[PDB]
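J.: Sharing a structure, written as structure tokens. Questions coming.
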Amino acid sequence: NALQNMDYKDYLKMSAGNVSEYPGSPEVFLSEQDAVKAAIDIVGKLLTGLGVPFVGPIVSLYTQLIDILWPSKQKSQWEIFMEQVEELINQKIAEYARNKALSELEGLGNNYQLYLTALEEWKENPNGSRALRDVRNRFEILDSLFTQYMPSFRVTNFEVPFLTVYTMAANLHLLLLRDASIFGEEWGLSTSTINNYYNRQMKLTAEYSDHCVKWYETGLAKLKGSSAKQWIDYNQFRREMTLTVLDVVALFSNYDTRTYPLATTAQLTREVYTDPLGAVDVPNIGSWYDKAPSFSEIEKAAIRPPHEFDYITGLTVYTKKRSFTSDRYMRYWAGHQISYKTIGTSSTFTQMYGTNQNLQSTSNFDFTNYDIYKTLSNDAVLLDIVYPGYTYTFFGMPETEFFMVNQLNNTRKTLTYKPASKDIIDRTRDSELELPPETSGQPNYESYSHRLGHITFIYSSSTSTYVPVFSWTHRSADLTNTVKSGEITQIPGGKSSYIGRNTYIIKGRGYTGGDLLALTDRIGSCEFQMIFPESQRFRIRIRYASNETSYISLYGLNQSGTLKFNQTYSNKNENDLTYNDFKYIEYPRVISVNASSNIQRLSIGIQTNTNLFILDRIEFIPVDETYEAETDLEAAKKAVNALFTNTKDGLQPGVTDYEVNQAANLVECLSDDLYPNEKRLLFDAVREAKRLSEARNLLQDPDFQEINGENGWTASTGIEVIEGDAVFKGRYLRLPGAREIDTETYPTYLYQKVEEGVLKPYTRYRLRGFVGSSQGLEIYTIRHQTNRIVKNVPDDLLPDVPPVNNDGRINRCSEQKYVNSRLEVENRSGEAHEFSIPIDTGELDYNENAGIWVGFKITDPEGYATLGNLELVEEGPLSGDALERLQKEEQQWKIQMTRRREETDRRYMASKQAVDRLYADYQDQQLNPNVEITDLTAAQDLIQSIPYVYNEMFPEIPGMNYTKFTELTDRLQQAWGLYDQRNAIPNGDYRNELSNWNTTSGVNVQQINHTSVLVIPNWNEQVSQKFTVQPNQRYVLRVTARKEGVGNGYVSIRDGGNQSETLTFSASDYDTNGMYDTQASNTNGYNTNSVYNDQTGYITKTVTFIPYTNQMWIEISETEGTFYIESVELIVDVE
């Protein structure tokens, strides 16, 4: 039945089994198909040998490439590649340049065929200089031929005509240089010569990619028009040049043998569109596009916007009938609903196309578990002539056969749409003319290159346009996202799954073999669903682009964590990306999956900082069981080595104490079982490094063991020392916020002085440390000038996901791996965790002994900081601009000090004399009898007026005059001590508040001018004391007081007998009688007065007294107003 009209060639291509007919024209007729046939075969063979570094497969590959590109047939395959593009864009390449290129490419052929033999010779005798000289030399020859010839395939004004040639040539050149890096050392080639081949490969891979994309776009943009006819030509260029150019360009990055050192599977996820299913150039009738929608309307209708990868599961076709008379009618595809889905997910999607109004019938097709590898359609016309002689035409699609192969068990099946028509003009359309299979010894149901993906539709009621359009996906894109053990598996971002969320997909340009997944603030995550049929360990690698540096996070496959990505491009729209804008990042965590038939899920997200991240593809790379252990050894040997000078017995100057700790933590990652000796020697190294750090640190007590001790740190109350905690190894400080109590705030402070004796002249020092986190942390350096910076450091070094678990213990290896991924960000801003502050010396002075103070302070109640790894180190001598700057600072300070010593000496000498005059002797051991409370307060006022006692910016720290202030204060307190001892009235100056006094409830002691005074606020209040004295000697009672307001203040003393004295105080104790107008003394016309200058201080009054008993009473009271008592003293009279 199928056998009778069949050719002998078709019968032999059938074989093992029974198939149908499959009538195709491979190579014959139009040679756009012969070009497309060749591109499809070439791309198909390249796909089975990406990454593979083995001689037999490579030899075998080159064999098939050469048989395609240089057949023994009549016409050159290159000329056909020219005819292909020239006939699409209606432009011939000029004669002289056309004939030159062909001549050079015939020559390339000869040389390539000489390259092949020398390659097969080396796969027999691989050891010695026989087939080794041939091949290494035939290689060199081809490199120079490509260098000389590539410009020949991009003659200006003819870049598009030549595009398929340029691309096929460029492909071979990159393929050739790949041979150098795989068979490099084996062909006896220097390490340095490979690098120059490799570097060029990478340079060329960009230049050749960027060229092909750029001229694809130009080419395509030239074919934009406004008619349906012009659209067909546009889409034909788009389809054919995708197969023939972009599909090849997509492969170029896989020829990088250092990025891809073993077998790799790539996936082409782009869709392509066969020509619309309508009749064209029916003789004497025309074409479906004669009367049809515009270019824009068709592009809108027929072509899908970028979407997640999908496949077809079901179809419902709506059928209508056209009939101008009976005896002649068409039933035709008027519309459809198509069902489809993304990988994994069991969510079904439906779209409707065309019309479903006024139907004859409906046909349903189920496609689940089947690929459609071929369609046979009918492009049809209904012609009828109605009275009185008009002609009417109608174009529709009345029949399709869909050829199907089962995905699971390889069974084959046909479904047919064929409603009843009568007396139409038919022509069949075979998809295999546009998307042929690969040429194998195997039938098209094994070797098919594409499968039916979707069905769109061109509809207009006005023009009676009803035209299906079929879209197709490439075989290399699987429907399961299977990840195999033996290989690097690539999964493009387009193959992510629909989970109910929106998602943003950017159209690709050709570089990636499909469209690009983007993550943005508005739609921040994506999910992959994958089958792992084998247990295996993988590392994950991501190919991406971004305009910013930030972090992605990964969750699934039994883990979760975070990966920094770096800016790859700048100042570009995300649709103008070129080859070199894409880079790779490597997730350091090895991942272990168990074999399963069920889907396993990896979701990728961005932080809430991040604005843009563009995902090309994720990659799974097989790693072996010891890979984790090996790479931890390398990382630790590197970090430890970086601490030391070349002799290995000193620290590098710019290595911090924090970095020594970091390295020590990484050493702990090493396997005890695999690498015992290495771990032991790397620990000896870091311990020594740590001893060197401490030896060069000029700060005392760097491990915080002696806070507030003699020579070390001075610290405010509330500062905590913490041991055995996250982030810091060993001990560190937590500084709390400033303490608020009512109207007072008390700042947190920490400081130390480094003495002039350990320093050097004209030398730069560095204060360094590590801040875990902070808010309002003020850092001070003091020598001559005071400098302050403020550091606010985020709390970003702890993971948010708690990963400690039941295993509550700290693991320094994993902790330091996380922290390192966060210091990576190259800050030196105020926000960075490290800090390093210069402090410069000029000349040293041992007398003045300024030294260097380093200080920390928090004045904010909401402030805090964690602080560790503090050091002050010598960097070295000052030169150049640093030295000029310092000499200016020093000069300015010398001149300013001179004015400050002038001011100090006035105030100091007046303070010194006021204290000296208090004593009789000169060992401050005896008070003068005359000193009264007013001599003591006068002294205090003067001592308080000495300037520059404390540093102006950091008052807790001593200033230049501190020693002077303290000396005098001690001598004053001594004298005040003696005053209290001499006074027979206990607590007569109220320095112990109200001790020893009987008072009513309203009486109080106020501090006025830094001294204690008793206040009697109302007349019903009183004070008294009984105390013992030595009787029958003479005392003097001295009272210093002030009476305000109406009435009198009284101080009464009595003994136990008949002796009694009263002193009286009133407001009238001030009254002065004036001068009497300068007692009129002047002559000749001047009679000025004065300003009778009156103030308000205390009055001192005295009385003598001889007690005749050993008990005395003193009583203090008033009749009205307010009474202030500064002191009552009773002393032995030596007058």
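J.: When both residues are 6+ apart or on different chains and their Cβ atoms are under 7 Å apart, which pairs have a first residue that lies in the stretch 794-817 and is touching a residue at least 60 places away in the same chain (Cβ under 8 Å) and in the same structural domain as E723 (by TED's automatic domain parsing), and a second that is of a type outside the set (D, E, K, R) and in a loop (DSSP other than H, G, I, E, B)?
T.: Close Cβ pairs (under 7 Å, with a partner that is of a type outside the set (D, E, K, R) and in a loop (DSSP other than H, G, I, E, B)) amount to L797/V727; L798/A726; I810/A726; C813/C669; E815/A726.
J.: Further question on the same structure: How about the stretch 98-115: which of its residues are buried (at least 17 other Cβ atoms within 10 Å of the Cβ) and farther than 15 Å from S76 by Cβ?
T.: Within the stretch 98-115, just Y115 meets the criteria.
J.: I'd like the full set of residues that are of a type outside the set (V, I, T) and out of contact with any strand residue (DSSP E or B) (no Cβ under 6 Å at 6 or more places or on another chain), limited to the stretch 712-735.
T.: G712, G718, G724, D725, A726, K729, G730 - these are the residues of the stretch 712-735 that are of a type outside the set (V, I, T) and out of contact with any strand residue (DSSP E or B) (no Cβ under 6 Å at 6 or more places or on another chain).
J.: Kindly indicate which of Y544, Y587 is surrounded by 19 or more Cβ atoms within 10 Å (Cβ to Cβ) and within 21 Å of the chain's Cα centre (by Cα).
T.: Answer to the selection: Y544.
J.: Name the one entry in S449, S485, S471, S440 that is touching a residue at least 12 places away in the same chain (Cβ under 8 Å) and either farther than 30 Å from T578 by Cβ or not assigned by TED's automatic domain parsing to the domain that holds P293 (or both).
T.: After ruling out the rest, the residue left standing is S485.
J.: While we're looking at this one, here's another question. Which residues, counting only those in the stretch 219-230, are assigned to a helix (DSSP H, G or I) and within 45 Å of the chain's Cα centre (by Cα)? So that I can check it myself, show each step before the final result.
T.: Step one: of the stretch 219-230, the residues assigned to a helix (DSSP H, G or I) are 219-221, 228-230.
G219, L220, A221 - these are the residues of the stretch 219-230 that are assigned to a helix (DSSP H, G or I) and within 45 Å of the chain's Cα centre (by Cα).
J.: Could you check how many residues of the stretch 495-541 are outside any strand (DSSP E or B) and either under 24 Å from the mean Cα position of the chain (by Cα) or within 17 Å of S347 (Cα to Cα) (or both)?
T.: Qualifying residue count, the stretch 495-541: 13.
J.: Being loosely packed, with under 14 Cβ neighbours inside 10 Å, out of contact with any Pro (no Cβ under 7 Å at 6 or more places or on another chain) and free of Cβ contacts under 8 Å to residues at least 12 places away in the same chain, is that true of even one residue in the stretch 858-879?
T.: Within the stretch 858-879 (the criterion being loosely packed, with under 14 Cβ neighbours inside 10 Å, out of contact with any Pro (no Cβ under 7 Å at 6 or more places or on another chain) and free of Cβ contacts under 8 Å to residues at least 12 places away in the same chain), the answer is yes, since at least one residue qualifies.
J.: Which ones in the stretch 52-94 are closer than 30 Å to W231 by Cα and either assigned to a loop (DSSP other than H, G, I, E, B) or among the acidic types (D, E) (or both)? Before the answer, list the steps.
T.: Applying the first criterion (closer than 30 Å to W231 by Cα) to the stretch 52-94 yields 77-94.
Matches in the stretch 52-94: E79, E83, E86, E87, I89, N90, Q91, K92, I93, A94.
J.: Given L972, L968, which one is buried (at least 18 other Cβ atoms within 10 Å of the Cβ), assigned to a helix (DSSP H, G or I) and under 60 Å from the mean Cα position of the chain (by Cα)?
T.: The match here is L968.
J.: Still on this structure: Please note which strands (runs of 3 or more DSSP E) are completely contained in the stretch 712-767 and include at least 1 residues that are loosely packed, with under 13 Cβ neighbours inside 10 Å.
T.: Because the criterion is at least 1 residues that are loosely packed, with under 13 Cβ neighbours inside 10 Å, the strands (runs of 3 or more DSSP E) in the stretch 712-767 that meet it are 720-723, 739-741, 744-746.
J.: Of (1) in a loop (DSSP other than H, G, I, E, B); (2) free of Cβ contacts under 8 Å to residues at least 60 places away in the same chain, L415 satisfies all except one. Which?
T.: Condition not satisfied by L415: (1).
J.: I'm told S25 meets every condition in (1) surrounded by fewer than 19 Cβ atoms within 10 Å (Cβ to Cβ); (2) under 30 Å from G184 (Cα atoms) except one. Can you identify the failing condition by its number?
T.: Here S25 clears every test but (2).
J.: Additional query: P398: part of a loop (DSSP other than H, G, I, E, B) and either of a type in the set (V, I, T) or more than 21 Å from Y318 (Cα to Cα) (or both), yes or no?
T.: In short, no.
J.: Given the conditions (1) in a loop (DSSP other than H, G, I, E, B); (2) farther than 22 Å from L102 by Cβ; (3) not assigned by TED's automatic domain parsing to the domain that holds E159, which single one is not true for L12?
T.: Here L12 clears every test but (1).
J.: Please find, within the stretch 918-932, the residue that is surrounded by the most Cβ atoms within 10 Å (Cβ to Cβ) out of those that are farther than 15 Å from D970 by Cα and charged (D, E, K, R).
T.: Within the stretch 918-932, the match that is surrounded by the most Cβ atoms within 10 Å (Cβ to Cβ) is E932.
This table checks each residue for (1) in a strand (DSSP E or B); (2) touching a strand residue (DSSP E or B) at 6+ places or on another chain (Cβ under 7 Å); (3) closer than 24 Å to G876 by Cα.
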residue	(1), (2), (3)
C813	no, no, no
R822	no, no, no
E831	no, yes, no
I839	yes, yes, yes
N849	no, no, yes
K857	yes, yes, no
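J.: Tell me, which strands (runs of 3 or more DSSP E) lie completely within the stretch 294-379 with 2 or more residues that are surrounded by fewer than 16 Cβ atoms within 10 Å (Cβ to Cβ) and either assigned by TED's automatic domain parsing to the domain that holds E434 or touching an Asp or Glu at 6+ places or on another chain (Cβ under 7 Å) (or both)?
T.: Hits in the stretch 294-379: 349-354, 361-366.
Numbers and lists here come from the model and the stated rules, or from a named source; no laboratory instrument gave them. Don't worry about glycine lacking a Cβ; one is built from the backbone with ideal geometry, like all the others, and counts go over all protein chains shown.
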